[PDB]
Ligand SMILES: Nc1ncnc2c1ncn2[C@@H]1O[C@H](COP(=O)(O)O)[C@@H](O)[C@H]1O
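Below you will find one chain, with nothing else, as structure tokens; this is the form solved without adenosine monophosphate, and questions on how it binds or moves follow later.
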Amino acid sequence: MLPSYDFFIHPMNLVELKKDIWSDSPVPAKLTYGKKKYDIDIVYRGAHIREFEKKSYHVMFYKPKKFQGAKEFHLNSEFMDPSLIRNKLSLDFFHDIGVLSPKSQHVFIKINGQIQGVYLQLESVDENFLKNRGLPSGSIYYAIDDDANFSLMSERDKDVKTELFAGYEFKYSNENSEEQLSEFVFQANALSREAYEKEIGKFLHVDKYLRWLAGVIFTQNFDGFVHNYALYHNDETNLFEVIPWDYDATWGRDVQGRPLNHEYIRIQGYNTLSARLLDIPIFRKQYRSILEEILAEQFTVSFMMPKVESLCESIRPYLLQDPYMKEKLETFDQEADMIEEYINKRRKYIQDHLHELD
């Protein structure tokens, strides 16, 4: 049974929200969940997903200050995804392969008494994300533009970046956050091949980076190497790791919603940091071992498809009650087989190319 959320948005505030859908200015609202009521602020989120009648929302809790351990969450329509499950499937997969990852759950929402349908509630990657995992304080940075590429170089300027911390929103930060990020970006690029094995681990959690890279390769987020992630600098270990975000264009479909034909991602992935690490024999062997471990445990039909089937079964009766989705249950139903075929094809490609890491 999906959690049912009943939102109230006062008509005056709803007019303001609908006046400029591109605005990032929130309006007050209320959430009722069971018997408990929450004063909140709500705003549309995303870019192209604002064009849909089934809008996506960023919900910020005001009073009470927290909802199930969080001060905010995201409500995605996942309308581009005919399955509504690829983002959850992906982010849970990252968790299962040992990468820090947002939790998510499907929910059923109403606004002002009118069903809006099935949404994916996504955890905000912020200080509560850390606290709820027992993780140390530190900094969280969101990749927001092309300068979040792990390089010294700005593509647009065709020159060295003016600031090496460029490309990120500082979501949770302190006085050291800029310099910590700048140092990481600089050292990722400035350490020689001969110094890399002994020194990159002073700045980067290499195993967690390689597991994130593996996750991008397995899910095939074509834009996942320089976008669609957050960085976390753990202040106790002094190391960076990478947290995925926005993984709906995965498991056999691209960002336009189209089935992949013969499009694929090479197993080495992309971005300069990946390239520098995979020039190091120890790290190439480590990465190969990670891919083999995941191929043996998580990235299999036997293991993934029960999760696909459980997600679909849990939301299907609610999709029939969703005014935007009620007509495309047949297409929805066909997505499990598409994902299964993708796993089989992707497994074969990765297995066939592991020798490139030798």
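Numbers follow the displayed sequence, beginning with 1.
Omitted here: the form solved in complex with adenosine monophosphate. The next part is about that form.
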query: Contact segment among 227-235, 151-159, 209-217, 176-184, judged by heavy atoms lying within 4.5 Å of adenosine monophosphate in the bound PDB entry; finding: 227-235
query: Site test, 74, 142 and 246 vs adenosine monophosphate in the bound PDB entry, non-hydrogen atom cutoff 4.5 Å; finding: yes
query: In the bound PDB entry, the residue from 223, 146, 194, 169 that sits within 4.5 Å of adenosine monophosphate by heavy atoms; finding: 169
query: Of 125, 100, 273, 120, the one that lies within 4.5 Å of adenosine monophosphate in the bound PDB entry (heavy atoms); finding: 125
query: Contact flag, residue 45 vs adenosine monophosphate in the bound PDB entry, heavy atom cut 4.5 Å; finding: yes
query: Neighbours of adenosine monophosphate in the bound PDB entry among 14-38 [non-hydrogen atom within 4.5 angstroms]; finding: none
